[PDB]
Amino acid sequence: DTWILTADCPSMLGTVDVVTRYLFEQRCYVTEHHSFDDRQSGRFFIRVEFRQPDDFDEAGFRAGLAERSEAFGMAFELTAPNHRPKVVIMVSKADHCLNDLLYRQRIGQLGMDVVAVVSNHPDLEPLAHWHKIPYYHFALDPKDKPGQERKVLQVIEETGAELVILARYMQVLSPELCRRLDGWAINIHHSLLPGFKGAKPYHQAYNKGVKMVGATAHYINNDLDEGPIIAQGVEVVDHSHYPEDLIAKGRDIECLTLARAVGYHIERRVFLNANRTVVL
């Protein structure tokens, strides 16, 4: 039953004051309030939850906030109480992240509505259909990449998706698509043996004898699999974990790490800070 207000701007004196004084004048009751000023990047970040007053003027509240935010170079986002982001999940053949996200959605852990599942293969259509989520198979003609991506983007625009989740979508995103999805597409990949580009990175992990397998959830930008880190995690493994078992634990940590990231994002907790994230 609370509104969420996120704000960010160049560090200066009065950055908490300008949000806090305006919220008081507007008779908005602060239920909780978290903020961070990064002394290296020079950026200020604030998350505030509040209970609206009766006769709440949303339009005039935004406009009055836009006015005061000008002096600070401040940008803000305001999210209503019942807000459920519309999401598009992109999938290839691996169904583990898709299954986990839809399960967490269904039990009410992730307060989002998945409006489509988009794929380069037809394989996961039965899974999407069982969940009653519209499924789209846009096969790639290698000669025409922009054509495949226009169809993907068309679904994202037609459904009004405000977040795209890459749940082990294996087709490489063009640089034009990456710019188009900037700041609202979350990807997940494993983080085994940093700096090993072999086709069997889990067999390589087994042979090296690691005692952990890892994963990173990040925002998409032009750097392949890099770009802003949202969440990282590891799963304990041991000698009795053969390659298939290691692959299996990898799927677990991908699942968990992606869900955490997606949760942080939809809860309005994640901010971009130069090339990294603050999570409040």
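Sequential numbering from 1, following the sequence displayed.
Trainee: Averaging the C-alpha B factors as listed in the entry, name the stretch that ends up higher: 222-230 or 54-62.
Mentor: Stretch with the greater average CA B-factor: 54-62.
Trainee: Would you mind comparing 137-145 and 183-191 for me and telling me which has the higher average C-alpha temperature factor in the entry?
Mentor: Result: 137-145.
Trainee: By the entry's C-alpha temperature factors, tell me which of 201, 81, 209, 108 sits highest.
Mentor: 81 has the highest C-alpha B-factor of those listed.
Trainee: Given 155, 114, 165, 97, identify the residue with the highest C-alpha B factor in the PDB entry.
Mentor: Highest C-alpha B-factor among the listed options: 155.
Trainee: Ordered by C-alpha B-factor within the chain, which third holds residue 29? Give me lowest, middle or highest, please.
Mentor: Residue 29: CA B-factor falls in the highest third of its chain.
Trainee: When the modelled residues of the chain are sorted by Cα temperature factor, does residue 2 land in the lowest, middle or highest third?
Mentor: Top third by C-alpha B-factor.
Trainee: Would you check the entry's CA temperature factor for residue 13 and let me know if it's in the chain's lowest, middle or highest third?
Mentor: It belongs to the highest third of the chain when residues are ordered by C-alpha B-factor.
Trainee: Classify residue 69 as lowest, middle or highest third according to the C-alpha B-factor given in the PDB entry, relative to its own chain.
Mentor: Top third by C-alpha B-factor.
Trainee: How does the C-alpha B factor of residue 76 compare with the rest of the chain: lowest, middle or highest third?
Mentor: Middle third of the chain for residue 76's C-alpha B-factor.
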